[PDB]
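Read through the structure below, which is laid out as structure tokens, and then see the notes.
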Amino acid sequence: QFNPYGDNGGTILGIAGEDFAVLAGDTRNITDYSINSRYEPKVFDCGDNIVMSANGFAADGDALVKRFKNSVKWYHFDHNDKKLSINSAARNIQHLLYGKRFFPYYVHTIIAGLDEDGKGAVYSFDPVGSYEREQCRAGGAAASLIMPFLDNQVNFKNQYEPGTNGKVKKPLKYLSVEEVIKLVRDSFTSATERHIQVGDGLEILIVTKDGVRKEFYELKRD
Amino acid sequence: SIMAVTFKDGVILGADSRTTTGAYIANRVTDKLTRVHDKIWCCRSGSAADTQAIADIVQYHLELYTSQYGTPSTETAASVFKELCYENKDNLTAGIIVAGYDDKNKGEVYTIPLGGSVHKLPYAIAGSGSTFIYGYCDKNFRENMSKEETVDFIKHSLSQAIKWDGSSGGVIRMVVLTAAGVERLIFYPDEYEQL
Amino acid sequence: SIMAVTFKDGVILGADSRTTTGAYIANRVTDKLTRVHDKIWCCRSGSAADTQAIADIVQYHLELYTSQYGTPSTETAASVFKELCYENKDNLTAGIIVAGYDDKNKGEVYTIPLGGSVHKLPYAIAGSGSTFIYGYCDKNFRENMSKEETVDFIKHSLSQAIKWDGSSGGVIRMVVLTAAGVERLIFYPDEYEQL
Amino acid sequence: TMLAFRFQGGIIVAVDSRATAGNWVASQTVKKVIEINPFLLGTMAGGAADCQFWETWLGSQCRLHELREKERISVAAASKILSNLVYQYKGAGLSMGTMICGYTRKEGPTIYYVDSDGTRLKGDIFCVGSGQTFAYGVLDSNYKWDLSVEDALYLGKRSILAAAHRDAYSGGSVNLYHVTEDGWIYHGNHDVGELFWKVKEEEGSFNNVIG
Amino acid sequence: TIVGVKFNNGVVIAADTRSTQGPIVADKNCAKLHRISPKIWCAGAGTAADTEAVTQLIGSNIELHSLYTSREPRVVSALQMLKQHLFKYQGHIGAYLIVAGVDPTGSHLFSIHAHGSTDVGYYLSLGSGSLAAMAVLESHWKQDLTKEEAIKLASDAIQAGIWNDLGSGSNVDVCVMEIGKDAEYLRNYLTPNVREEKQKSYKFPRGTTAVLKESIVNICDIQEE
Amino acid sequence: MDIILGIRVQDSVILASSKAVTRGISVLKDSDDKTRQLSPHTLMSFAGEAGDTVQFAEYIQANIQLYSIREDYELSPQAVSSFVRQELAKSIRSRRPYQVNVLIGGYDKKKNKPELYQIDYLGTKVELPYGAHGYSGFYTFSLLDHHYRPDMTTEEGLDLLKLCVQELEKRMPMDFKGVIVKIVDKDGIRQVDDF
Amino acid sequence: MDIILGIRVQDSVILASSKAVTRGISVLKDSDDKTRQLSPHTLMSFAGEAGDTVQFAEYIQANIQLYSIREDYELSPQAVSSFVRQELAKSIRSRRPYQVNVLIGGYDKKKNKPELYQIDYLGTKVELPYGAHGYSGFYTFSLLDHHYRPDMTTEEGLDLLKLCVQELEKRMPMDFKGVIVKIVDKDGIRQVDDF
Amino acid sequence: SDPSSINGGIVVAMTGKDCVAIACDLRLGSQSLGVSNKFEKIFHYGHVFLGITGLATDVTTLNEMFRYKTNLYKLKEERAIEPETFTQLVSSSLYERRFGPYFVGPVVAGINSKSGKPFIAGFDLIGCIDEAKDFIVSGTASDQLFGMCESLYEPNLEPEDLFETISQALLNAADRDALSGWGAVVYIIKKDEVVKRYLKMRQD
Amino acid sequence: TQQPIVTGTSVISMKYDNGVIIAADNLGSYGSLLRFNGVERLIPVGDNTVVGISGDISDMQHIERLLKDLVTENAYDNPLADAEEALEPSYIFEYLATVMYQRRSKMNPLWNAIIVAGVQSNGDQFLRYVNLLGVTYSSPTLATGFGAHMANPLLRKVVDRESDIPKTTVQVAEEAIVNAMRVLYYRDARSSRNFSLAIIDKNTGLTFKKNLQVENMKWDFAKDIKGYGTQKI
Amino acid sequence: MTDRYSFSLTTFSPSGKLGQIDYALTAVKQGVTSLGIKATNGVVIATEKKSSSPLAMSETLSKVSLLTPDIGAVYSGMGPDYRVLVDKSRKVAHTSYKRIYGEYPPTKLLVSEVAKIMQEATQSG
Ligand SMILES: [Cl-]
Ligand SMILES: [Cl-]
Ligand SMILES: [Mg+2]
Ligand SMILES: [Mg+2]
Ligand SMILES: [Mg+2]
Ligand SMILES: [Mg+2]
């Protein structure tokens with residue numbers, strides 16, 4: 001029997017800062033126990049200061065990204081070159097995904113950028129369109145390895161202030177872009193060690209009011 | 001057990017005459033060599049219903065082709081077969097060998113297996129009993145054989161295929177396609193079994 | 001692709017050297033010609049584990065037979081193989097050809113297919129690739145061939161079997177059993193492919 | 001776990017925040033209450049996408065109604081638009097458990113349970129989800145018509161907490177809503193990790209646990 | 001990825017060090033090279049508990065056999081004992097082994113599969129990375145290899161698996177068994193996958209975790225007096 | 001069978017067990033006592049597959065009564081619960097396992113403490129202040145998590161138990177025909193005849 | 001849903017329908033009215049798969065109300081029952097059939113007679129003196145066979161109905177939370193608020 | 001259905017400087033239903049500690065079994081069993097049930113009384129030994145624990161620092177697992193003193 | 001949904017400093033039967049692109065016709081058909097990639113794995129993969145089927161990353177490809193000795209080599225191998 | 001056939017003596033002298049190779065035997081009985097210890113296992 005779905009592996013991570021946002025993802029593409037590519041970009045600049053990644057089945061992921069990029073183009077045509085806000089993009093993607101509710105895009109989608117108040121924003125989607133704004137979200141193969149680490153090191157969960165013994169929580173101080181990138185790199189280094197589908201390279205897209213910047217880092221190739 | 005072989009003067013089609021429903025021989029004098037045009041014939045293997053329905057449709061297409069554009073090539077006939085076999089591959093079980101004679105191109109042979117693919121060859125073998133004569137046919141085939149040599153090659157080859165394959169048997173029918181015309185040949189068990 | 005052929009001076013066993021796990025060739029230089037006694041050998045087809053386990057047990061039985069009753073016949077060796085293959089037919093996948101040389105009986109060949117039945121023959125072919133050379137081998141086999149003729153017969157036959165069967169390939173190994181002794185032969189791709 | 005009950009001071013709506021994929025906790029910050037308009041609320045249980053998509057869609061239908069009819073849509077009509085919709089998709093595999101809660105002049109406070117099987121039920125109390133049974137225990141033993149908005153809010157909060165504790169697929173935090181004659185009123189996000197220890201100390205409950 | 005390579009005066013085997021449960025890496029520095037006897041070693045692929053257990057059992061019985069016969073153990077004895085055991089269990093003991101060693105008969109190299117079939121060769125490979133390894137062996141192997149050439153070929157075949165096969169990774173273990181010499185076990189012969197320094201230290205401030213109770217655990221026995 | 005509840009208060013253990021025995025589409029009995037006295041100060045309620053429940057309970061009962069006579073001594077509830085767990089843990093890997101879940105309520109005369117043990121058919125033992133088997137816990141644990149305090153009096157335990165049974169009668173689909181309540185304390189075992 | 005009963009006496013039809021709405025493990029409601037007034041002198045109770053029951057009932061209701069307005073006339077119970085049967089008979093061969101069983105109780109003002117029709121989801125119609133759907137009939141038909149006389153008063157019908165409900169409450173495993181009773185006679189439809 | 005994830009639970013072990021740590025959650029459930037928040041999964045036989053995740057009946061059974069075996073070991077050997085030796089005993093015991101296994105994920109932790117060397121080890125349900133230097137994880141949230149340990153862990157941590165690392169590894173991993181949590185215990189082990197700490201965590 | 005009948009095995013390829021190389025054997029298998037020994041599975045498109053196809057041959061022949069038709073269609077009303085508006089590798093790939101994903105989405109796939117190798121207008125090397133699922137990826141080395149498992153490892157030793165491409169010559173690259181083809185003949189049970197090889201260089205254009213054979217094979221060591229363990233004779 | 005001697009051949013005599021054990025000790029008394037001495041950093045065991053014939057190669061007969069890599073044994077009495085005991089002692093070191101604990105047994109416990117085998121020959125049928 002023909003199986004229209006596949007698993008291309010990979011792992012992605014979005015973190016929302018105070019006035020910036022990052023969307024990271026490894027560059028490894030796989031089937032089963034074979035590597036297809038050590039560098040196959042997974043996170044894309046979709047215009048209007050929005051970055052996107054559809055992790056899981058790459059064919060559905062490339063299709064979705066391609067269709068969203070298209071939606072941005074037509075949004076400009078139809079509404080006098082108006083900028084597509086991150087919240088509006090999120091809702092648009094819900095409709096793209098749910099449009100195929102009974103033959104889903106087998107992907108975990110994440111987008112990142114800035115909201116209309118200039119603050120950092122990350123939105124997370126399930127395969128059939130349910131979405132939610134979040135401060136932190138890992139997706140894909142090694143998401144289970146990374147998210148607990150982010151609950152601990154970004155939202156300071158289960159962390160309290162010394163001397164009080166569980167009475168006073170650790171205060172939720174904001175993180176800089178340099179601090180976030182450290183957490184992203186350590187997340188992917190750790191994921192690479194214990195997950196076979198993660199490795200080769202790490203590509204990070206950083207979004208600020210100035211635009212979209214890229215950073216690349218090597219990962220273990222075994 | 002079916003085969004088509006090109007030679008110096010043209011091409012010869014050969015086939016057994018057994019049709020089976022399991023182990024029961026439903027027809028022991030079947031004619032698996034069927035005519036889609038004056039000098040374009042085919043060898044049929046697989047479902048008798050599917051291959052008849054296909055051959056009938058092809059004959060209709062080539063009759064209509066002839067009325068508009070004159071005599072079609074053997075390549076054209078093979079393309080019509082392919083189009084039916086390829087586009088309806090999910091619902092068909094047909095293994096057909098197309099053979100024909102032009103004056104320009106002379107003898108040509110095209111084989112169309114299950115998938116619907118086309119393969120132009122010097123000679124072709126197909127059917128359940130073809131498996132047993134891959135070795136023999138490869139060793140004994142030569143290009144530009146005479147008519148008598150080609151008849152002997154087909155006769156000997158199908159004789160073995162019949163000998164080993166239970167799905168094959170009866171008489172060995174042959175159809176000769178040359179500039180001279182169309183000749184039908186038949187060879188009975190007493191003749192080919194003692195080979 | 002395995003075969004054993006009797007001739008004037010005795011018997012010759014022949015085999016390819018391919019072992020496959022699906023489409024992966026796990027071993028391309030396998031030795032499928034195995035010795036159960038000084039001048040009683042076998043050709044192995046099917047499960048490599050089953051056929052090895054069987055051959056090892058047979059070798060043990062014939063070693064113990066020899067210690068008590070002297071050299072066993074080829075018929076006896078075939079019976080030991082049969083007893084294992086027949087009684088454990090539900091759990092085995094083994095197609096074995098037994099071949100041996102006596103001075104009294106000369107060259108003999110016994111084939112033991114899946115069921116566990118025994119068939120004494122002038123020559124035998126087995127394995128997935130044997131299907132393609134039923135026609136060739138039947139047409140080209142003669143009784144009381146010379147050593148050189150029999151080597152050529154096996155070489156040509158297995159060459160075709162290898163050519164058509166993906167499960168077969170590598171080198172053609174042969175083992176000659178005569179009064180003179182035991183001779184091992186090997187034929188490489190460059191030699192047999194051009195035949 | 002999500003509940004909704006009618007009382008003297010209108011309606012109380014309380015939900016949890018957890019979302020799972022197998023044993024994996026996908027999210028603890030899910031919004032299972034949908035603000036359809038200033039007077040209507042929708043609760044979400046089952047498939048996240050199905051509930052989200054079709055309940056925000058419901059809000060578009062309710063808005064179109066009051067544009068065409070120059071009048072607020074009834075809770076009965078709003079609930080039935082959703083139930084008639086999911087009934088068209090019956091068999092296709094939608095998974096929704098929802099309470100449509102609201103207040104109008106003609107109806108008063110009203111709650112409808114709407115279901116992907118096509119079930120539409122009006123009632124005073126409903127609990128839906130994997131941890132519904134745990135919430136029902138607390139509610140049924142402490143429910144009265146004559147409850148103060150303050151006491152009713154606590155009962156709903158406490159009934160979710162009960163389920164958050166026992167049900168593995170419930171938890172995270174509690175979202176409270178209070179629906180009155182003048183519309184709904186949000187009453188905060190309450191983390192279970194802090195609420196549990198607070199309720200344990202003040203109520204004297206959950207003695208089986210050690211703290 | 002496990003390999004075996006014959007050479008002039010002996011045989012060498014090698015293996016990677018990755019163990020996996022699904023897509024997860026259970027152990028990053030697993031030891032897949034097992035000792036059956038002092039100069040007979042085997043590498044194992046497949047089910048980890050099985051390769052270990054079946055190796056220990058045969059190694060135990062080989063030791064007892066060596067003591068009984070007053071002779072050094074032979075590779076064919078370990079080969080025969082392994083295959084008959086595996087065959088008996090009809091492949092359910094998921095052990096896929098490359099058995100090598102030196103004995104009074106000479107140097108030997110064999111492979112064993114779970115169903116009990118054995119193969120002879122000058123170069124062999126097994127496991128999920130066997131195709132990557134065999135590609136290297138088929139490209140670079142030749143007759144009359146030296147010890148230094150064989151080790152190189154063997155480790156290169158393992159590297160092929162490490163890099164290209166997701167089921168293989170981390171380090172390269174080697175064992176060289178030369179005739180008339182002690183077998184040298186080279187644990188972590190190559191280490192081409194050391195983790196880079198982390199960007200941050202995640203050492204917490206003391207008192208960060210909330211505690212309910214503390215108590216001393218009595219591990220000592222019942223005391224005197 | 002269906003619903004079995006247990007609650008350990010200050011000075012006693014209270015077990016409540018449904019009276020219904022449904023066999024298909026009919027409620028056959030509405031006064032069934034789903035419990036056995038293992039020893040004067042130890043009571044075991046049970047629920048699971050038909051036949052197995054009583055067979056298991058009476059088997060355990062017999063074993064404990066045998067122990068009592070042999071040693072002229074009553075085993076502690078903890079000891080009895082451990083014996084029962086081991087039997088079920090043995091049972092789960094048998095040819096046909098006992099499909100029985102139990103609650104063991106006992107008063108330890110040595111420690112002067114009530115004790116409640118919940119054991120499922122797999123042999124999973126846990127000591128609890130209050131417990132249940134099947135779907136009962138889904139409704140009742142929220143109430144117990146709320147109203148239970150460890151220094152409760154037997155009368156307060158019964159009132160809290162009434163609250164549980166009322167909730168079950170309201171929200172459970174099956175009519176379990178009320179419960180038989182039994183108290184286990186220092187003076188032994190007695191049945192509350194009005195509930 | 002679960003239990004729906006009907007009984008036709010001298011001058012009226014009485015329909016009894018359970019109040020429980022159980023979804024899986026919990027009883028979400030205990031006051032559900034499983035009936036719709038199709039016309040002033042025609043009442044239909046219903047039971048089957050969730051959603052389908054109400055959807056079907058309200059669809060039928062709307063159609064009959066449309067007929068009433070168009071013709072300024074109330075259809076006979078027989079006519080309404082035939083319309084309903086045809087809809088279900090159409091439905092059973094649809095892509096997704098209505099999984100609904102109904103009882104139609106009506107008073108024919110022309111003939112001055114009460115009439116009870118039982119129709120299942122296949123579109124199987126029968127006029128009866130008393131009827132039921134699902135497992136209800138298994139318990140109740142024996143009582144009705146015994147205590148039913150065609151000249152019974154409405155009060156005697158209600159007493160006989162109480163005896164049916166009592167038997168169901170005794171022997172059925174599911175707690176159906178009592179019944180809502182409705183009487184259909186010459187004066188129209190009314191509900192018995194105490195039962 | 002899957003025996004290893006009916007009851008739920010987790011165990012994690014770490015090595016430090018002249019010390020080891022082993023921790024576990026306290027949950028026992030019947031799938032979605034939480035049943036007990038006092039079901040400890042760490043046991044000890046002398047100075048050797050054993051944590052067991054998986055099916056609870058087997059956890060209890062194995063504990064009773066290793067208590068049985070270590071008690072006889074001690075009577076005959078006239079000394080307490082060591083971590084390295086116990087590890088081999090656990091492997092042996094599990095593999096003897098090769099085709100009818102206990103559905104568990106054992107974790108050994110302890111310090112060799114003679115050499116003073118810290119030791120940890122993990123196993124699959126049928127005996128394969130994973131003798132890691134750094135850390136061992138087991139249970140329904142093993143993926144989560146792998147990610148926490150791999151990022152938080154650093155070698156040669158002092159006892160009181162190691163406590164914080166393993167506690168945060170367990171806590172945050174359990175909070176991303178539906179079948180883990182409901183309390184937690186952490187054992188800090190030194191050559192001749194062991195401290196046991198119950199952790200305050202969210203009870204959902 | 002179907003099942004493949006007549007099939008083609010590995011297609012292997014790699015980038016080098018001035019272009020790309022691609023290769024594929026000339027076999028059309030029918031299960032275990034090596035039925036057709038003269039099948040061309042490299043199909044050139046213009047003088048700047050070669051499409052290598054594995055999997056079902058009837059579907060390959062269909063794709064071959066789509067490409068032939070594509071060239072025809074591009075020439076229509078196109079004065080620059082042999083110049084600026086000639087078909088690019090990237091155009092041809094994206095077309096196929098669209099078709100493949102559309103067909104998988106209708107649950108009626110073209111049962112193939114395709115590698116489009118070519119050189120762009122600006123001299124850039126093009127090498128991208130697509131299969132029956134519509135899955136696409138690019139890499140310095142690409143291979144299908146068995147080639148993925150055996151060829152890639154060998155080819156990645158030559159070009160392990162992007163920076164190795166300018167350092168790799170056509171002679172070294174061709175040598176690696178030809179060696180990989182030999183290895184596949186040793187180890188793939190559905191390979192043939194005969195194969196075709198194509199080079200697309202930005203300077204020398206398209207060089208299409210037919211009727212190549214695997215040579216310099218090692219088999220002599222087979223004579224020394226006897227039995228399966230204990231046998232000496 | 002069948003071993004029909006299921007009863008003890010060693011039994012208590014009226015005086016409380018176990019005759020067969022006493023007689024076994026008498027056989028040991030006739031045996032060639034062997035000895036053992038324990039030092040601070042080692043142990044030595046020794047005996048005389050009493051060659052039955054000068055044509056016999058006494059190197060092939062080993063009176064001192066390795067049981068484990070750290071345990072050795074020597075005897076006095078009946079050589080054949082010693083030989084089979086060494087076989088059993090070597091095997092029991094593996095089956096009842098090494099295959100369980102992954103290490104060789106300590107001297108006292110291996111001795112205990114050997115002792116057990118010898119006790120059983122004193123009571124079994
Ligand atoms: Cl026909
Ligand atoms: Cl073999
Ligand atoms: Mg025939
Ligand atoms: Mg790798
Ligand atoms: Mg009916
Ligand atoms: Mg919970």
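Quick note on naming: the chains in the structure tokens go A, B, ... in the order shown, residues restart at 1 in each chain, and ligands are numbered from 1 in order of appearance.
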
Self-check item: Expected selection as a PyMOL selection string for ligand 5 within 10 Å, only C-alpha atoms and all ligand atoms
Solution: chain G and resi 101-103+117-127+131-134

Exercise. With a distance cut-off of 12 Å and only C-alpha atoms, select the neighbouring residues of residue 108 of chain J, excluding the residue or stretch itself and same-chain residues fewer than 3 positions from it, and output the selection as a PyMOL selection string.
Key: (chain H and resi 76-78) or (chain J and resi 71+93+104-105+111-115)

Would you write out those residues with N, CA, C and O atoms, as a compact mmCIF listing (two decimals), in the first residue's frame?
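Resulting contents of part-v4.txt:
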# COMPACT_ATOMS: atom_id res chain seq x y z
N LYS H 76 26.61 -15.78 53.00
CA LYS H 76 27.62 -16.68 52.46
C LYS H 76 28.98 -15.99 52.31
O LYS H 76 30.01 -16.53 52.71
N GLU H 77 28.96 -14.79 51.74
CA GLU H 77 30.19 -14.04 51.47
C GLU H 77 30.73 -13.34 52.71
O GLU H 77 31.90 -12.97 52.74
N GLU H 78 29.87 -13.15 53.71
CA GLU H 78 30.23 -12.45 54.95
C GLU H 78 30.65 -11.00 54.68
O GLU H 78 31.53 -10.46 55.35
N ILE J 71 42.73 -19.61 41.84
CA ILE J 71 42.57 -20.77 42.72
C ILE J 71 43.16 -22.03 42.10
O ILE J 71 42.94 -22.32 40.93
N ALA J 93 32.17 -23.41 39.46
CA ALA J 93 32.68 -22.04 39.60
C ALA J 93 32.05 -21.10 38.59
O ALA J 93 31.90 -19.91 38.85
N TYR J 104 34.90 -14.39 39.31
CA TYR J 104 35.23 -15.71 39.85
C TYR J 104 34.92 -15.77 41.34
O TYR J 104 35.03 -14.76 42.04
N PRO J 105 34.52 -16.96 41.84
CA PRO J 105 34.16 -17.09 43.25
C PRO J 105 35.35 -16.95 44.18
O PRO J 105 36.46 -17.31 43.79
N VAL J 111 35.39 -23.69 47.55
CA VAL J 111 35.63 -24.81 48.47
C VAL J 111 34.31 -25.35 49.01
O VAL J 111 34.11 -26.56 49.08
N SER J 112 33.42 -24.44 49.37
CA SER J 112 32.10 -24.80 49.89
C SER J 112 31.30 -25.62 48.87
O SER J 112 30.62 -26.58 49.24
N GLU J 113 31.39 -25.24 47.59
CA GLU J 113 30.70 -25.95 46.51
C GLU J 113 31.29 -27.34 46.27
O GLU J 113 30.55 -28.30 46.03
N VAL J 114 32.62 -27.44 46.33
CA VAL J 114 33.30 -28.73 46.18
C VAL J 114 32.92 -29.63 47.34
O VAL J 114 32.53 -30.79 47.14
N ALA J 115 33.03 -29.09 48.55
CA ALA J 115 32.61 -29.78 49.77
C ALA J 115 31.19 -30.34 49.66
O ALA J 115 30.93 -31.47 50.07

Quiz prompt | Within-7 Å residues of ligand 6, basis only C-alpha atoms and all ligand atoms, as an MDAnalysis selection string | solution = (chainID D and resid 163:171) or (chainID H and resid 178 204)

Requested write-out: C-alpha atoms of the selected residues, as a PDB file, in the first residue's frame:
ATOM      1  CA  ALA D 163      -9.486  16.936  38.549  1.00  0.00           C
ATOM      2  CA  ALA D 164      -6.084  18.515  37.838  1.00  0.00           C
ATOM      3  CA  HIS D 165      -4.710  16.512  40.757  1.00  0.00           C
ATOM      4  CA  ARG D 166      -6.145  13.086  39.882  1.00  0.00           C
ATOM      5  CA  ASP D 167      -6.503  13.221  36.069  1.00  0.00           C
ATOM      6  CA  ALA D 168      -3.118  12.892  34.360  1.00  0.00           C
ATOM      7  CA  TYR D 169      -4.347  14.616  31.178  1.00  0.00           C
ATOM      8  CA  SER D 170      -5.628  17.668  33.094  1.00  0.00           C
ATOM      9  CA  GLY D 171      -3.682  20.418  34.851  1.00  0.00           C
TER      10      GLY D 171
ATOM     11  CA  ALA H 178       1.484  13.225  32.234  1.00  0.00           C
ATOM     12  CA  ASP H 204      -1.002  17.712  38.781  1.00  0.00           C
TER      13      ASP H 204
END

List as a compact mmCIF listing (two decimals) with N, CA, C and O atoms, in the first residue's frame the protein and nucleic acid residues near segment 62-74 of chain D, meaning an atom at most 10 Å away when only C-alpha atoms are counted, but skip any in the same chain fewer than 6 places from it.
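The resulting file, result_21.txt, is shown below:
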# COMPACT_ATOMS: atom_id res chain seq x y z
N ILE D 36 -16.64 34.48 22.53
CA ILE D 36 -17.34 34.58 21.25
C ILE D 36 -17.82 36.02 21.07
O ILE D 36 -17.67 36.60 19.99
N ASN D 37 -18.39 36.57 22.13
CA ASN D 37 -18.74 37.98 22.18
C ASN D 37 -18.79 38.40 23.65
O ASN D 37 -18.45 37.60 24.52
N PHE D 39 -21.12 38.51 25.66
CA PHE D 39 -22.12 37.74 26.41
C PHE D 39 -22.04 36.23 26.22
O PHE D 39 -22.69 35.49 26.96
N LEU D 40 -21.27 35.76 25.24
CA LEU D 40 -21.16 34.33 24.96
C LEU D 40 -19.77 33.81 25.25
O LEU D 40 -18.77 34.46 24.93
N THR D 56 -14.32 29.83 16.72
CA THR D 56 -14.03 31.19 16.25
C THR D 56 -14.90 31.46 15.03
O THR D 56 -15.34 32.59 14.80
N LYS D 80 -26.97 26.00 18.42
CA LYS D 80 -27.54 25.16 17.37
C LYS D 80 -26.85 25.35 16.02
O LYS D 80 -26.85 24.44 15.20
N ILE D 81 -26.28 26.53 15.79
CA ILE D 81 -25.47 26.76 14.59
C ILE D 81 -24.25 25.84 14.62
O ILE D 81 -23.89 25.23 13.61
N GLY D 102 -24.00 31.54 28.02
CA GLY D 102 -24.33 32.95 27.83
C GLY D 102 -25.57 33.40 28.57
O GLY D 102 -26.24 32.60 29.22
N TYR D 103 -25.87 34.69 28.47
CA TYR D 103 -27.03 35.28 29.11
C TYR D 103 -27.76 36.20 28.13
O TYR D 103 -27.12 37.03 27.50
N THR D 104 -29.07 36.04 28.02
CA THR D 104 -29.91 37.00 27.30
C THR D 104 -31.15 37.33 28.13
O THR D 104 -31.46 36.63 29.10
N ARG D 105 -31.85 38.39 27.75
CA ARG D 105 -33.08 38.79 28.44
C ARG D 105 -34.15 37.70 28.37
O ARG D 105 -34.71 37.32 29.40
N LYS D 106 -34.42 37.21 27.17
CA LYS D 106 -35.48 36.22 26.96
C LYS D 106 -35.19 34.86 27.60
O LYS D 106 -36.12 34.17 28.02
N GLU D 107 -33.91 34.48 27.67
CA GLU D 107 -33.51 33.17 28.19
C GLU D 107 -33.03 33.20 29.64
O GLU D 107 -33.27 32.26 30.39
N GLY D 108 -32.33 34.27 30.01
CA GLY D 108 -31.62 34.32 31.29
C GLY D 108 -30.30 33.59 31.10
O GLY D 108 -29.86 33.39 29.97
N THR D 110 -27.98 30.69 30.39
CA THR D 110 -28.22 29.44 29.69
C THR D 110 -26.91 28.75 29.33
O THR D 110 -25.94 29.41 28.95

Quiz prompt | Contact residues (chain D, partner chain G, 12 Å, only C-alpha atoms) as a PyMOL selection string | solution = chain D and resi 3+80+83-92+97+112-137+140

Practice problem: Any chance you could list, as number ranges by chain, the residues in chain C that come up strand (DSSP E) when DSSP is run on the backbone? | Solution: C: 2-6, 10-15, 19-21, 24-27, 33-37, 40-46, 94-101, 107-112, 119-121, 123-126, 172-178, 181-187

Exercise. Select the residues contacting ligand 1 at a distance of at most 7 Å, based on only C-alpha atoms and all ligand atoms, then format the selection as number ranges by chain.
Key: B: 30-32, 48, 52

Practice problem: Please return, as a PyMOL selection string, all residues of chain J lying within 7 Å of chain H when only C-alpha atoms are considered. | Solution: chain J and resi 100-102

Quiz item: Of the candidates E:139, E:164, E:117, E:128, which one gets nearest to ligand 2 if we count only C-alpha atoms and all ligand atoms?
Solution: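 That would be E:117, the residue with the smallest distance to ligand 2.
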
Quiz item: Neighbours of ligand 3 within 7 Å, counting only C-alpha atoms and all ligand atoms, as a PyMOL selection string?
Solution: chain B and resi 162-169

Those selected residues, please, written with C-alpha atoms and delivered as a PDB file, in the first residue's frame.
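Contents of part17.pdb, freshly written:
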ATOM      1  CA  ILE B 162       5.173 -26.094 -22.986  1.00  0.00           C
ATOM      2  CA  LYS B 163       7.154 -29.044 -21.583  1.00  0.00           C
ATOM      3  CA  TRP B 164       7.807 -27.326 -18.250  1.00  0.00           C
ATOM      4  CA  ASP B 165       4.886 -24.895 -17.828  1.00  0.00           C
ATOM      5  CA  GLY B 166       1.522 -26.436 -16.901  1.00  0.00           C
ATOM      6  CA  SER B 167      -0.254 -23.223 -17.899  1.00  0.00           C
ATOM      7  CA  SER B 168       1.037 -23.751 -21.465  1.00  0.00           C
ATOM      8  CA  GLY B 169       0.185 -26.502 -23.940  1.00  0.00           C
TER       9      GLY B 169
END

Quiz item: What residues have any atom no more than 8 Å from ligand 4 when counting only C-alpha atoms and all ligand atoms, and can you list them as a ChimeraX atom specification?
Solution: /A:196,221-222 /E:161-169
